[PDB]
Amino acid sequence: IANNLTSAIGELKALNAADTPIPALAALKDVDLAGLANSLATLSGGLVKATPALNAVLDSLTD
Amino acid sequence: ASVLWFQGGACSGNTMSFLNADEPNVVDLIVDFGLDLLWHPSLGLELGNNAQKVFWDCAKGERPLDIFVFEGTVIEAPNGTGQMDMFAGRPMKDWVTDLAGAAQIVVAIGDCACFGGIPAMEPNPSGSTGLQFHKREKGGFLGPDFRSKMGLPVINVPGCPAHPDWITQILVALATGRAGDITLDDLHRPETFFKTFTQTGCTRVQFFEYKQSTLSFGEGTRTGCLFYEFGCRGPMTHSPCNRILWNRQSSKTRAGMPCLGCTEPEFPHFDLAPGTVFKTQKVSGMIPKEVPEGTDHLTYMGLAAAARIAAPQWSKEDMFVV
Amino acid sequence: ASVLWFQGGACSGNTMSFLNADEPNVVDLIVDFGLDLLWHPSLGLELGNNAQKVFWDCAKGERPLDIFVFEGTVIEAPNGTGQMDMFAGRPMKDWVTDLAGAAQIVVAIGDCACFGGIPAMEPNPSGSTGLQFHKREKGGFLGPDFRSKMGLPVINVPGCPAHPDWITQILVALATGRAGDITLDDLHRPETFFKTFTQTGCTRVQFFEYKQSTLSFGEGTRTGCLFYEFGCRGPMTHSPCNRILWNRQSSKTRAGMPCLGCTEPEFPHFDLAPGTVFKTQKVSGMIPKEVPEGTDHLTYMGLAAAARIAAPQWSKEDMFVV
Amino acid sequence: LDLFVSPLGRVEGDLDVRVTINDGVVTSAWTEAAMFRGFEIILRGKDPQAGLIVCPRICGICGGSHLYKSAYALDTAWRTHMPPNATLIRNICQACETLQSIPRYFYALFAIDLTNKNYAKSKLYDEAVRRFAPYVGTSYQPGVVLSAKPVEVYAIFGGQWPXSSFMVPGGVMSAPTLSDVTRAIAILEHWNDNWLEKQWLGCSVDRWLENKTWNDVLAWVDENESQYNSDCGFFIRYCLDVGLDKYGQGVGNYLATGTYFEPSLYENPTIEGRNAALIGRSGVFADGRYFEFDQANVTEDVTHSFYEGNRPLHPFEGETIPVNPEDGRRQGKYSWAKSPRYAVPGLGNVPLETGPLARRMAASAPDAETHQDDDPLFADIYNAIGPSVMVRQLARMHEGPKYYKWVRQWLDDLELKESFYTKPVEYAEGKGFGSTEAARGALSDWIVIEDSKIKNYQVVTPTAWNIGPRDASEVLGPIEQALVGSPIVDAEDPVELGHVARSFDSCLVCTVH
Ligand code: FCO
Ligand code: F3S
Ligand code: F3S
Ligand code: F3S
Ligand code: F3S
Ligand code: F3S
Ligand code: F3S
Ligand SMILES: [Mg+2]
Ligand code: 3NI
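Residues numbered from 1 in each chain as written, not as in the entry; some residues may be left out. Chains lettered and ligands numbered in written order. Part of a larger assembly, values for the part shown. Heavy atoms only, no water. Residues with missing side-chain atoms left out of burial classes, pairs and counts.

- As deposited, the entry is annotated with cryo-EM as its determination method and 8 Å as its resolution.

Spelled out as structure tokens, the structure:
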């Protein structure tokens, strides 16, 4: 059974799948995340409607 | 019972397999079971106009046609004309239309005839299709609603090729008054052969149970199941290949060859795309993309881990030893 | 290669099974493979003094004896005299002594000869024993240290009876220069046949894997594995019964009969004591007393619960359908 | 008289034969392969090993041969190692398929035509009917029934026949056990005793293989009643009586790619080392002279074939681009068969007859190595009576005893403890040439693997060699020229066309693939 668990872990060890090392996300409490959400909520209905105007601006920046 | 056996986009493997028949052998089937083989391209004596006379008499109803066996695909190319398969002065598909409409029973033998098979692999240059299926999709050449004069759909004896018993025992059943014993599954395959899986009777199921994989071909197949590393479709393929052995000897899986799922309408599975031949496609390198029929990846994998941990020692050693 | 086939406490079932041989059949084995069958009680032409002349010439070394096949038990009763088996003017056990000492190879065919088998069941009125085993205990009649002139112990071809191939393929191997390919297990059985289990190739292993039990005989055997309710010894029995089918057709387990573990030296297991025939002895009504070879009750039961949970729907339905 | 025979069955596929007849003799012939599946098209872009699955499906009777040569195409493309046991198993299975083909074809496909009413005046006609009538012939039934035994051996090693793919780059998938080999030997010996020796020969295989000249064969026929009344002796006498030795001559030039590698000589398959390793020798016999086979000399012409193309293509650059048969017939194309031609020095790109006769001629070449088939019998027969329906058939039948002996020895040669498979490196790139002698002759795969996919896959089958149409030079294919000169007693049942086409053991599914 120990050899079975060794072969099982040994197959887990040869994982060969995507893996990323990223360790820093500090300064979130300092961010007024709730406040920006309040800005976003009042602005969301404006942003969604402004999408064609925002795209027409971006298109002129893609040149 | 008159039998007309035609070949469309066939390689004649179903005929050759059929000729391997034992109990009954092919000669005893043709002679001693009251099955009058009117013609067969590999066996019929008649050629040319005499053969065409036989065919036309069957097609027009001048003589009864009890069983029309069709092997090979219904070739429709080019442009639906079927002229990539010209037989006895007509596109073979026209013969198929007439004879399937004339026969009491229509039997498609082999995947080509049943579902389109290998010739129907993309890009399908021959415009090949099966009699009543194109791969899994019902309808094929004759349409989903085709029924022979005995009311049956095309009896699909799949396989590439079909095992001789898959047809001969059906023919014996028809000849011995047991037609009513023949039940067909959703693919019109005889359930007497296609309720089991290829895995049923496979010599490697104990290795499968304990998730012990064959690691390599040759001597590597003295142990293990081929499902994990060689893409064995045994547990996803309905067949009696391990119940009724091939050539009365063996089966692919017993011999160490993965079942290619040839009795299944998708055969060849994944159209033999790169990386799919004698390989198990896996997610994250551990989880097979396809699990056995009727299972789910989470319960399969959980049971697989449990089986691995509880595996006996013999399941991890050669068993098909010299 | 001269062969002398004697029968002690035999029922001749090994001979009859042997006569069912195919590839080679028995006649081709006897004639075309250079195996000179000197005599066989069921097949030898000689009777009386001519037969005894053959036997005595073999026993005294006047003519070579390459293979001494012994079928049936070595009967020692009464009182070790062996007179419950008088053959050709001697207790058969005396013939066994002489001929086993004369033969190049000694083959015990069938459990009776290998291990004592059914006649050795208590109370063993005939004082039956095997050639080199009494049940699992090595030594039998000839002693643990007996070796034939080719240096081999008694080759035990067990079974009750042995399948024809278990002996014929050994005889072919000997006749074709492949004696060196023959490896024997701890019971002196040919590993080419007895590394597998009866379960190996059983059509019900998928049901076994998912712990789906056949519940009843007859149509009840259209599904399920016989291990749980019918005492199938398949997973505890070394044999190729499901690899090399019986009569080229089937096996007990395929047919719905539990394997009685006849290739195992304890056969008949539990001496057919009441409650042990076609029944699985269980602890607390749910744990089998005997689990498959190489498993322990804890792991086996845990995996069994997991498998019961994971069991797909088809494993709970008839599969060997009409 | 323009006679169009459709179908000409018992050629394993769809064949029509057009003949011009003058004074009861065929003066020109066209073979029309009528059914196209396009497996070469399908294989493009597939997994590099897809050939192992697809190519056997080119043909039911000789798919094992396809498998053999496709496996070797991969072995050469991937520079694999072949363990000797794997080579032995491949040889055994190829030869067993051929041993199945020999009686199955002879009785089921060829010999029933011996019962044709054109022969009713022959003194042997009643016996011919008794023996070879379809399904009831006293030679037909056991011959056809026992033809399944050698492929039982095939199935022992490959799982099944037809349609195993167990021959893989680096060896075979299977791991034969002792009982596998002993049973294979038993099956082979039983088949040899019961059909080959008892029924076909009426003598031992050894006695037959003692025949080194045509006069030896005639003496063998007359030697005793067993050989005289054997299927072989009767067939020879019937051919000589009814004139099967008088037509079907054909090109008289032969192609054998050879098969059956000596295991020690082809452990690392290469294109260049292929010929030396062969037991059944390759060889081109053209203009009465022996040439070494070289796959580089192989072109395929589609001038009269239903394919696009303007020049003969070596199959490494081969293309299979169908044209609509209506358009092609407007362009003079008449067959789905390509026209394989072989560049013979001093002769140009000529048609070469493939098949057992080609193999026997190759086996008569000088300088055979010890492992190689050295047999002068058919050099002598060719020089004495020349090719014909009878001689072509006799070559096929002669392979029975020879291949049986080879298979028996190979089964003895198996070293069961040794490897059957060396895991190869599946290279993303590679050019492979696999060839074998299927029952009907030179079968060859040219594969180009690129980017871990099949870039090109060109199969040239023996019947394509034989039955392929006129090339760009209007030179008739071997079967077309063999048909020319054939008598036609009855245009309503032109059985002689069948005799000639079937004497090649024509396989039309192979011809077109
Ligand atoms: N034999 C055979 Fe088939 C043909 N022609 C191939 O290769
Ligand atoms: S055996 Fe041949 S006829 Fe079709 S079903 Fe397979 S390619
Ligand atoms: S049990 Fe057998 S059918 Fe395939 S999945 Fe395993 S080799
Ligand atoms: S490939 Fe087909 S022949 Fe049986 S072993 Fe699989 S269903
Ligand atoms: S078959 Fe008979 S000879 Fe003994 S081994 Fe069984 S009781
Ligand atoms: S798998 Fe078969 S061998 Fe017995 S234990 Fe079940 S019936
Ligand atoms: S009882 Fe014996 S014959 Fe086989 S199925 Fe069991 S080992
Ligand atoms: Mg080609
Ligand atoms: Ni072919």
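Moving on from the model shown.
## Points about the overall build of chain B
Then comes step 1: Along its length, chain B carries 11 helices and 13 strands.
Then comes step 2: Computed over the C-alpha atoms, the radius of gyration of chain B is 21 Å, within 12% of the 20 Å expected from 2.2 N^0.38 for a compact globule of 322 residues.
Then comes step 3: Seen through its C-alpha atoms, chain B measures out along the principal axes to roughly 70 × 45 × 30 Å.
Then comes step 4: Residues counted as buried form 70% of the 322 residues belonging to chain B.
Then comes step 5: If you take every contact in chain B between residues at least 6 apart in sequence, the share linking residues at least 24 apart comes to 69%.
Then comes step 6: Of the accessible surface of chain B, which amounts to about 8900 Å², a share of 53% is contributed by carbon and sulfur atoms.
Then comes step 7: Each charge sign in chain B was given a centre, from 26 positive and 34 negative side chains, and these centres are 4 Å apart. (Helix = DSSP H or I, 4+ residues; strand = E, 2+ residues; numbered from the N terminus. Rg over C-alpha atoms; globule rule 2.2 N^0.38 Å. Buried < 20%, exposed > 50% of the residue type's maximum accessible area, 1.4 Å probe, protein only. Contact = heavy atoms within 4.5 Å. Areas by Shrake-Rupley, 256 points an atom, 1.4 Å probe, with all protein chains shown as cover. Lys, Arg positive; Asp, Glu negative; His and termini not counted. Charge placed at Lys NZ, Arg CZ, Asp CG, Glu CD.)

## Things to note about helix α5 (residues 125–132) of chain D
Residue and element names in this part refer to chain D.
Then comes step 1: Taken as a whole, α5 has its buried residues at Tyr 125, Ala 128, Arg 131 and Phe 132. Mapping the buried residues of α5 onto a view down its axis gives an arc of 130°, with all of them on the same face.
Then comes step 2: Structurally, α5 contributes buried residues whose contacts are with α4 (84–110), α6 (140–146) and α12 (231–242). (Arc of directions from axis to C-beta.)

## Structural notes on the site of ligand 2
Then comes step 1: Around ligand 2, the neighbouring residues are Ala 10, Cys 11, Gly 13, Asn 14, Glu 71, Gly 110, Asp 111, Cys 112, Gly 159, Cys 160 and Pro 161 of chain B together with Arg 57 of chain D.
Then comes step 2: Those chains with residues close to ligand 2 are chains B and D.
Then comes step 3: Secondary structure elements with two or more residues in the shell around ligand 2: α1 (13–19) and α5 (111–115) of chain B.
Then comes step 4: Across the shell around ligand 2, the residue classes break down as 5 nonpolar, 4 polar and 3 charged. (Near = heavy atom within 4 Å. Nonpolar A, V, L, I, M, F, W, Y, C, P; charged D, E, K, R; others polar.)

## Observations concerning the packing of aromatic side chains
Then comes step 1: A complete count under the given rule lists 90 aromatic pairs over all chains for this structure.
Then comes step 2: Members of the aromatic cluster, joined through ring pairs, are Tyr 105, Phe 106, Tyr 107, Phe 110, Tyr 119, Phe 132, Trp 191, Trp 195, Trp 200, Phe 234, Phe 235 and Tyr 238 of chain D.
Then comes step 3: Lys 211 of chain B extends its terminal NZ or CZ atom over the ring of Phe 208 of chain B, reaching a point 3.3 Å from the ring centre.
Then comes step 4: Above the face of the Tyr 72 of chain D ring, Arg 90 of chain D is positioned so that its terminal group lies 4.3 Å from the ring centre. (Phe/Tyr/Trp six-rings, centres within 6.5 Å; stacked < 30°, edge-to-face > 60°. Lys NZ or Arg CZ within 6 Å of the ring centre and 35° of its normal.)

## Focus: the pattern of salt bridges
Then comes step 1: Across all of its chains, the model carries 68 salt bridges over all chains by this definition.
Then comes step 2: One salt bridge in this structure joins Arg 233 of chain C and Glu 290 of chain C, with 2.6 Å as the shortest N-O distance. On the criterion of sequence distance, the pair formed by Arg 233 of chain C in the loop between α9 (227–230) and α10 (252–255) and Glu 290 of chain C in the loop between β13 (287–288) and α11 (297–310) is long-range, its members being 57 residues apart.
Then comes step 3: With its nearest N and O atoms 2.7 Å apart, the salt bridge here joins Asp 471 of chain D to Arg 341 of chain D. Of the two residues, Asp 471 of chain D is situated in the loop between α18 (462–467) and α19 (478–483) and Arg 341 of chain D in strand β12 (residues 339–344); the sequence distance between them amounts to 130 residues. (Salt bridge = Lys/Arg side-chain N within 4 Å of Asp/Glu carboxyl O.)

## Observations regarding the arrangement of the chains
Then comes step 1: Among the 5 pairs of chains in contact, the pair with the most contacts is chains B and D.
Then comes step 2: Here chain A and chain D are not in contact; the least distance found between their C-alpha atoms is 19 Å.

## Topic: the side chain of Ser 12 of chain B
Then comes step 1: Tracing the chain through its elements places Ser 12 of chain B in the loop between β1 (2–7) and α1.
Then comes step 2: There is a polar contact of 2.9 Å between the side chain of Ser 12 of chain B and the side chain of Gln 7 of chain B.
Then comes step 3: Those residues within four positions of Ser 12 of chain B in sequence are excluded, and the remaining contacts are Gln 7, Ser 42 and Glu 71 of chain B together with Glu 12 and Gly 60 of chain D. (Polar contact = N/O pair within 3.5 Å; in protein donor to acceptor, adjacent residues only side chain to side chain.)

## Overview of the interface of chain D and chain B
Then comes step 1: On the side of chain B, 79 residues touch chain D, which itself brings 87 residues to the contact.
Then comes step 2: Secondary-structure elements contributing two or more residues to the side of chain D that touches chain B are α1 (39–43), α2 (50–54), α4, α6, α7 (148–158), α8 (178–201) and α14 (325–330) of chain D.
Then comes step 3: For the side of chain D that touches chain B, the leading source of residues is α7 of chain D, giving 7 residues.

## Quick word on the environment of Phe 278 of chain B
Residue and element names in this part refer to chain B.
Then comes step 1: Inspection of the secondary structure puts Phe 278 in the loop between α10 (252–255) and β12 (282–283).
Then comes step 2: Judged by relative accessible area, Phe 278 falls into the buried class, the value being 6%.
Then comes step 3: Remark: the alpha-carbon pair of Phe 278 and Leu 19, spanning 259 residues in sequence, is separated by 28 Å.

## Some words on the sheet that holds strand β13 (residues 348–350) of chain D
Residues and elements named next belong to chain D.
Then comes step 1: Spatial strand order, β11-β12-β13: 3 strands in an open sheet with antiparallel pairing. Each edge of the open sheet is held by one strand with a lone partner, namely β11 (298–301) and β13. Each adjacent strand pair in this sheet contributes to an overall mean axis angle of 40°, direction not counted.
Then comes step 2: Here β12 pairs with β13 via 3 bridges, running antiparallel. (Pairing = 2+ DSSP bridges. Axes fitted to C-alpha atoms, helices over the stretch in contact; angles between N-to-C directions.)

## Some details on the site of ligand 1
All names here are of chain D.
Then comes step 1: Around ligand 1, the surrounding shell consists of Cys 62, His 66, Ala 438, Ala 439, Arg 440, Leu 443, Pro 462, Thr 463, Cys 507 and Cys 510.
Then comes step 2: At 3.3 Å, a backbone N or O of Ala 439 approaches a nitrogen atom of ligand 1.
Then comes step 3: A distance of 2.7 Å separates a nitrogen atom of ligand 1 from a polar atom in the side chain of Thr 463.
Then comes step 4: Here the residues of the shell around ligand 1 are counted per class, giving 7 nonpolar, 2 polar and 1 charged.

## Some remarks on the interface of chain A and chain B
Then comes step 1: Residue-level contacts link 6 residues of chain A with 7 residues of chain B.
Then comes step 2: At the boundary of chain A with chain B, total buried surface from both sides reaches about 590 Å², with 51% on carbon and sulfur atoms.
Then comes step 3: Broken down residue by residue, the surface that chain A buries against chain B is led by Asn 4, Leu 5 and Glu 11 of chain A, which jointly contribute 62%.
Then comes step 4: Along the contact surface separating chain A from chain B lie 1 salt bridge. (Buried area = accessible area lost by both parts, 1.4 Å probe.)

## Points about the packing of helix α15 (residues 356–363) of chain D against helix α17 (residues 389–413) of chain D
Residues and elements named next belong to chain D.
Then comes step 1: At a minimum axis separation of 7 Å, α15 and α17 run at an interaxial angle of 65°. It follows that α15 is roughly perpendicular to α17 by the angle criterion. When you trace α15 past α17, the crossing you get is left-handed. Contact residues: α15 offers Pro 356, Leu 357, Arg 359 and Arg 360, while α17 offers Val 391, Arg 392, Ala 395, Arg 396, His 398, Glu 399, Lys 402 and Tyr 403.
Then comes step 2: Residues belonging to the contact of α15 with α17 are distributed by class as follows: 5 nonpolar, 1 polar and 6 charged. (Parallel < 35°, antiparallel > 145°, perpendicular 65-115°, else oblique. Left-handed = near helix turned anticlockwise from the far one by under 90°.)

## A word on the packing of helix α11 (residues 297–309) of chain B against α11 of chain C
Then comes step 1: One way to put it is that α11 of chain B packs onto α11 of chain C with a least axis distance of 10 Å and a crossing angle of 165°. As far as their axial angle goes, α11 of chain C and α11 of chain B are roughly antiparallel. Viewed along their axes, α11 of chain B and α11 of chain C form a crossing whose handedness is left-handed. Residue-level contacts link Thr 299, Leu 303, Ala 306 and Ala 307 of chain B of α11 of chain B to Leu 303, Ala 306, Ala 307 and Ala 310 of chain C of α11 of chain C.
Then comes step 2: Looking at side-chain class alone, the contact of α11 of chain B with α11 of chain C contains 7 nonpolar, 1 polar and no charged residues.

## Structural notes on the environment of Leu 278 of chain D
All names here are of chain D.
Then comes step 1: In this structure, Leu 278 sits in strand β8 (residues 278–280).
Then comes step 2: The exposure class of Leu 278 is buried, given its relative accessible area of 0%.
Then comes step 3: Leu 278 sits 185 residues away from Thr 463 along the chain, and the two C-alpha atoms are 21 Å apart.
Then comes step 4: When sequence neighbours within four positions are dropped, the list of residues in contact with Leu 278 reads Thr 257, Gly 258, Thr 259, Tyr 260, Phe 261, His 371 and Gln 372.

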